[PDB]
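This is the structure, below, for whatever I ask next.
Chain lettering (A, B, C, D, E, F, G, H, I and J) follows the sequence in which the chains are written, and residue indices restart at 1 in each chain.
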Amino acid sequence: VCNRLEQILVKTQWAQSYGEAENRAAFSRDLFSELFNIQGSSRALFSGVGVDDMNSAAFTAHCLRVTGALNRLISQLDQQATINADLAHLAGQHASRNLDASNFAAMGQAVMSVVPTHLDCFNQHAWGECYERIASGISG
Amino acid sequence: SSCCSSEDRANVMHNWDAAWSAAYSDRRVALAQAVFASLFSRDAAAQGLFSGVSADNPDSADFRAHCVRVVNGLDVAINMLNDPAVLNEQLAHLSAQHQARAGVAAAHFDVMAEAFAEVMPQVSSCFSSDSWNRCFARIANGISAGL
Amino acid sequence: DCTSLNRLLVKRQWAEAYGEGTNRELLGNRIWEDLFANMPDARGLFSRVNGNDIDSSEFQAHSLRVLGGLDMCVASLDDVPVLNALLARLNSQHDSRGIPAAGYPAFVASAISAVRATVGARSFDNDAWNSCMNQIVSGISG
Amino acid sequence: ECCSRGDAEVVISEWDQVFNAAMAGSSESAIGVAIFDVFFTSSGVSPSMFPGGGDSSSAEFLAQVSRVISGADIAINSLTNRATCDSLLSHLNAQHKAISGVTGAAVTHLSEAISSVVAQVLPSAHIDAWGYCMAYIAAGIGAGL
Amino acid sequence: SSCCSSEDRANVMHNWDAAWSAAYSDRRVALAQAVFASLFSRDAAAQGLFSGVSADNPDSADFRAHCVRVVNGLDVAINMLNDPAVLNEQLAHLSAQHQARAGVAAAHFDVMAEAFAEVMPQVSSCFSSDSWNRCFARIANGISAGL
Amino acid sequence: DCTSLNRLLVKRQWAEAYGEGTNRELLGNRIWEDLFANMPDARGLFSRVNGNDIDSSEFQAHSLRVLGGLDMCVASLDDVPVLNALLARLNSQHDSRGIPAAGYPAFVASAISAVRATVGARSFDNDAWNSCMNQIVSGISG
Amino acid sequence: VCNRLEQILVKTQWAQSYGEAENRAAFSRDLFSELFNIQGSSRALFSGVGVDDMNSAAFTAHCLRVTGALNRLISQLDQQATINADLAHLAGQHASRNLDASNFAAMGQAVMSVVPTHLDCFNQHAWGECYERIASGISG
Amino acid sequence: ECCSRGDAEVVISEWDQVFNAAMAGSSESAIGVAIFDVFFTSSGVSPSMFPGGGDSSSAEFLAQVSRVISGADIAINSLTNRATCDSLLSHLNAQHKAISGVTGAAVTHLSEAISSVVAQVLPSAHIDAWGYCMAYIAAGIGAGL
Amino acid sequence: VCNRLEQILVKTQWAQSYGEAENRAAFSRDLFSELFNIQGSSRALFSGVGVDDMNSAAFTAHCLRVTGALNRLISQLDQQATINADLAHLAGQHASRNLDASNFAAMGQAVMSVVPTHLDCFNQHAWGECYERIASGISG
Amino acid sequence: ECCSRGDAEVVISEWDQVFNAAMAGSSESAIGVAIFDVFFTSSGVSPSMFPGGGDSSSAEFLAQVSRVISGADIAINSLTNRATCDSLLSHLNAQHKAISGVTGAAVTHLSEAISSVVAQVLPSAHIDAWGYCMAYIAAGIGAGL
């Protein structure tokens, strides 16, 4: 899942969206705003990172960690052993959170809702495949 | 024969540039590997022509270097599309090099064109297929002239 | 030594100097104009590609092939096995042409000066460029 | 002040120059391994305390390097919003407090290795702004260590 | 220790440039003469260190040339504030030169800083004292390192 | 002779070429690039300040010290006693380094060309610049 | 001292300088920067208001109080009984500071150095007279 | 947040509209006396605790009114730089802590009298932004009272 | 009076005001307009230079001579013997005019009213001192 | 015409280039002494007729040089307003009529020395515009002499 060519499209389109965003904090907050608007029940999962005020330093910091992690993962999609190790680390970090498939699905919808609004060109399928690669590695 | 227009050249150069990894060889190798995999699937006999670059192991450094050479050659030609006087000298150069390889024939260039047409929409955003087809023909026909 | 950090700087600066197709010819001309000024006898080696008029179509295509060859090597500096296979082919393409050994250091000086002129002196690192260019020509020359 | 808005802007610009469109996504591992090499030499910290034992041929260490460069990236890119940056650093501080053998001095050495490697790949780097802003980062990550 | 920020450097470079006489030595001599008069008033023993440049007669050509050298040295350092890699080499150079002068000590640089802080508001319009103090420290500390 | 009117022209043109801090490095580089091209053996004299990479921090600081020294002399051209004391110190700083006598005329040519390139040829006066630069190096060289 | 007509010039010119300043904090800090540059010994008098860092919140707040006081005084120059009462209040606030004539003189020079640099028209004499009115009331 | 940058800008703009080029320097006394009248009615605080006993015919009270409107002006005009504003309010807090009979509730009443008088002379006033920003001011002045 | 450092401030600020004035005639006329507005009795002293029409060629020429003289004096503040000689020449030119101290004072106020309105930075004290140096030399 | 508006603008620009921010206030004496040296050689006029006897080591002559360069400056800078310039020249004419031994030819020689020295320090100088405008100046100063 997420073949070598699909990785080219996703790396390029991430570069053109996240990579060119003038306000990285806003981009990252938008992702979570979209997540909560897609799946209202997901918001309570973030009670430990100041989610009651999405403009807080605490919540903004969480959002930046998440898009930073998306960035570092997308950068290593082509390095199987490295990304597998990094995904396993992230899976450990999410294990105690009692997430389910619907949570990962909603996040994928959030990613694929935000990214193309920063682009002139977007490839839905490649993004679905490579999001699946990441989500499967983090969910276990 | 459909002409590779000024507009087509702009489209191709744009698609090619936008997908280019300027500092590292990995992406251009992945692109070419996919092209060759398609070529060999379509024409099983063609693989023999590449015995001198370890086509039997497409992950080998030997074959990956060939991939770099082919994509570089195409990159140089694409970047010459707005200077066709220079392009003609480049294509004549490539033609001579292919004439020197026994068994390489004009028909192979049609299969190679099918391979790029399959692969480019998988690596290039907002890919302009018609402009690519016409301008790849411009380039390929220049190389295949005389064989 | 062309170190890991040297390769990173050379890759980035090469991509700036060469990364946009228009003005590749400008980089190329800077090299040849300098090389032929310092080593006029080298011009004769390029008779088949019309080196008396570096602005000719034949020479311009040659110049752009040379830059493409340098690009392949720079792109592969982090992959020594692929770099070695690229240099092996370049070596085959340069042998038995009566190219003097001295032509290679001259080309390296010319190429480095051209890149420096293109990207600007204040960010330039001559040691990195010399180290990495020397790795490249060491595989070609002979 | 120390790491002013202007200093932060210079640092962000220079980190962006290193990780520009050509280099971003391909050079992190090389930069990171180089940072670790300088850090091990200056700090005397054992590579064995790291995932994959600090072996660059190990995927576990390569993933650690990816994480460290990314953490640095996130902190650096937040330098102009101090309240957010403070929060990022506090999170990193908590992570390192949960790890035996992380000292304030070692955190300083790693931050200085970031600056020194940047100056090697970007010779024009504003070494003073990097010193001031990396010291702010080190103070936050190394708090109470 | 308060950092000499990008903003401070801009302020100092602006004040220094605006007060500079670019073609004639008279003004820079007057500036330095006032600095030395203040230095010697604050630290009477310091004057002996300058016996080799006729400090006993501050109007002498010998002492005025020293004044030119010191102000030039500071001008060069100030103009390097936006290129601190280069600044470090310059300050290391000046440090070596001062290490070679017997009796010159770190404490003298504190008195010299007091002297400039007294004099600069008398020659510079809209003088930014805090930026000056922080950036003079940056420069002076680099020179006084090792003594 | 470096006459009163010559000193006025040299002062004004130097202030234009050097008067703004940014691009002092640009003036300096024009000098060294020319001098080392015409006199490659001179480069060796600067080994302690990393002259193989004129773009290095060590050499750039040296270059800027040199321009500062020229600035001191130009600023004092109208004050011969102060100029003489400045040149005396410069002389002390250049002796016993094995600097060839020929290095000084070469530097003068390089410096004048650099200033000319910076301020423009149409307002330039080579006689004034040569006369006044020669007064300066006459006091340094030895 | 500071006659009814002089008051018109000073009120008008204050309005055009302080009154139109886009950055009141900067205007006020500039006044004190000029004061310290005129009379270096005055700076130590402000050790209780964070003067070591003139860009501090503490020092900026002091500067704003001072130009606010200049503003309220200039607004009442024509109301003798009111300004006399207000000046007496300010004199009480300065009494423990052991100021001297040179301090008040330096402040006047600071005011008259900053104000005209924000103006197209300035009347030196009217400003000297009305500054004297204020200073005399605060010094006692 | 409460008294956001945007709220502060509205409040500053509206105070500037009241004290515009025509009105600034001439209307402070009338505005201030009106503010005190509303404050005395809402707070029940004795006018006798003020200079000149709260008598608008007394120069001592008129000078007090001048001071209060000016203090309000300084605080309002600093609302967009919260660190500076916090300092101004802390100074005012110290001044009122040194005065017997100043309560937090009374400070709130005076701040609301400022808002209410502004809305009377400027009917378009953004009463919500004034409420939020005057509450921030009152919280600072009235701290611990 | 007018020490070597004060001279730096005055030379620099004159350069930035008079030296950068696009309309030197207007700058110079403004000086005299300010003088007459400060001291009405001074205007009659200029009856020989067409003062009834301040926009006349005759009066404008006078104003330009005066600011030209200020310029040449400020340029020589640091050359004691030369400026003393030049000031003595000017004193001779003013001797028959029966001027008094109030006239010189008003001119100083005029200079210090016009100059800073062309500047971002102005040093009141240095200007007072160096104006005094000039005035004392011309008054005798 | 002779010394047109355009000619005057060139002359003013070139005089401003000589007396630019770097040179103005420091170079007048050197320029002036050079002008006098050329003038004495071309005119045959005795230095003894000048304050300090034309001795550049004399403060009286240095002050005279300051005055002459300043008078030239004032006239030159007024070249685009002919009525004002005419008045300046008439004043200078009256001053020289009151001095024995000033001839029209000598006035011409001094004006040409101004032009010639300018061309020596500014080799690009428009020598024709300088000739026409200095001739206008000389005609005014030397009227009836």
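We adopt the following convention: contacts are C-beta pairs under 8 Å (C-beta built on N, C-alpha and C of every residue); 3 or more make two chains touch, one makes a residue touch a chain.
Undergrad: Could you tell me the least number of steps, going only between chains that touch, from chain E to chain H?
TA: Step count on the best path from chain E to chain H: 2.
Undergrad: At the interface of chain G with chain I, does the proportion of residue numbers present on both copies reach over half, so same, or stay under half, so different?
TA: same
Undergrad: Taking all protein C-alpha atoms shown, work out their mean, then name the chain whose own C-alpha mean is nearest to it.
TA: Given all protein C-alpha atoms shown, the central chain works out to be E.
Undergrad: Any chance you could check whether C-D or I-J wins on number of contacting C-beta pairs?
TA: More contacting C-beta pairs are found at I-J.
Undergrad: Could you give the separation in Å between the centres of chain D and chain E, each centre being the mean of its C-alpha atoms?
TA: Taking the average C-alpha coordinate of chain D and of chain E, the gap between them is 36 Å.
Undergrad: Which whole number of Å gives the spacing of the CA centres of chain B and chain E?
TA: So the centroids are 65 Å from each other.
Undergrad: Using the average of all C-alpha atoms in each chain as its centre, how far is it in Å between chain B and chain G?
TA: Here chain B and chain G have centroids separated by 78 Å.
Undergrad: Could you give the separation in Å between the centres of chain C and chain E, each centre being the mean of its C-alpha atoms?
TA: Inter-chain centre distance comes to 47 Å.
Undergrad: Which chain F residues reach two or more other chains?
TA: 11-12, 15, 19, 55-57, 78
Undergrad: At which residue positions does chain B touch at least two other chains?
TA: Residues 21-24, 26.
Undergrad: Got the chain A residues that touch at least 2 other chains?
TA: Where chain A is concerned, no single residue meets two or more other chains.
Undergrad: Please give the residue numbers of chain F that touch chain C in the complex, ascending.
TA: On the chain F side, the touching residues are 25, 29, 52-56.
Undergrad: In their shared complex, at which residues does chain I touch chain G?
TA: Residues 38, 109, 112-113, 116-117, 119-125 of chain I touch chain G in their complex.
Undergrad: Spell out the part of chain D that touches chain C in their complex, as residue ranges.
TA: 18, 20, 22-23, 27, 30-31, 33-34, 117, 120-124
Undergrad: Using the touch definition from the top, list the residues of chain I that touch chain E in their complex.
TA: Answer in residue numbers: 4-6, 8-9, 12-13, 78, 119-123.
Undergrad: Flag every residue of chain H that touches chain G in the complex, lowest number first.
TA: The contact residues of chain H facing chain G are 21, 24-26, 28-29, 51, 59-60, 62-63, 66-67, 69-71, 73-74, 77-78, 81, 83-84, 86-88, 91.
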